[PDB]
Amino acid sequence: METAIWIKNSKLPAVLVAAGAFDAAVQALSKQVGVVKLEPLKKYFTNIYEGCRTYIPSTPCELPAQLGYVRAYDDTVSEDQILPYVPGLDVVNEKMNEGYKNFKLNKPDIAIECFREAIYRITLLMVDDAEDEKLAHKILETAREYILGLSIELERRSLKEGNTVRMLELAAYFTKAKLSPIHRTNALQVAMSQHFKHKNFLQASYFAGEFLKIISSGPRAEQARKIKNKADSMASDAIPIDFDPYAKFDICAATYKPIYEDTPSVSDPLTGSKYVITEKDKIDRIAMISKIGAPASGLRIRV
């Protein structure tokens, strides 16, 4: 009877999953966040269903063990709040912190795995709170920005020497990802020294200046200052690239090109990443479960 209490009290995808109503949960995710590829969510469905269940020994032990349920709240709440226990934002923050740790250690694939996991956990959250709901959305957008920047940098690294313009463009677009300032420092350092190496002194000076307004002391700040001094003395760019730091644009999460306000674009309804128009109906690169440009009613995590 517990499962039907759950479903009567909330149709959140998390609650449907906990109840075993996998099909109804998949349909709800389809309408709400455009979910279309299911495999990357399997573990998470599994995690929820088994996380709110526990097994006590029977008498005798040969008899199958008996199933009990872990609820969301203790018994002091009304009957319409009888809800499954679903792990919350504190685990999500742990996954994000592991992402940041792998980012600092220059393990970008593993960082991406961590940010993707936090996104999948947020897709199946249950909060009871306007502040937790807003916090969940902000973390989701942050994880997307970290995945986007890391994917730009992995593309840059994958490049054959001789794709110098594409490489310098990617180095620049990496600085556009909305990481924390201390993390944006990594991208600015890449962009600065790659543009300096390739005789793009105007670019190098911009990236060095942006670096120095976050980190002002230490040996990287001094490297940045001497790079900026030399670059300001040269005041030239050997290789023009499509990049205006003062314009308003986003980066296409599939082709890694700037999308200006007049550029026709579509977006992923789940992660909010943006794409050039030829990516409509394809699967989002950030989390790889939802359909770019699909009609969607919006993420539901608030009971």
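Throughout, we count residues from 1 along the sequence that is shown.
- The mean C-alpha temperature factor is higher for 159-167 when 159-167 and 123-131 are set side by side.
- Note on 149-157 vs 211-219: mean CA B-factor is higher in 211-219.
- Looking at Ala187, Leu140, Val77, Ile110, the one whose CA carries the top B-factor in the deposited record is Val77.
- Residue set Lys176, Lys199, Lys95, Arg144: peak C-alpha B-factor at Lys199 (per PDB entry).
- In the deposited entry, the Cα temperature factor of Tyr69 sits in the top third of values across the chain's modelled residues.
- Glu62 sits in the middle third of its chain by CA B factor, as recorded in the PDB entry.
- Split the chain's modelled residues into thirds by C-alpha temperature factor. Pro87 is in the highest one.
- For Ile5, the recorded CA B-factor ranks within the highest third of the chain. Only modelled residues enter the ranking.
- In this PDB entry, the Cα temperature factor of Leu270 sits in the bottom third of its chain's modelled residues, the lowest group.
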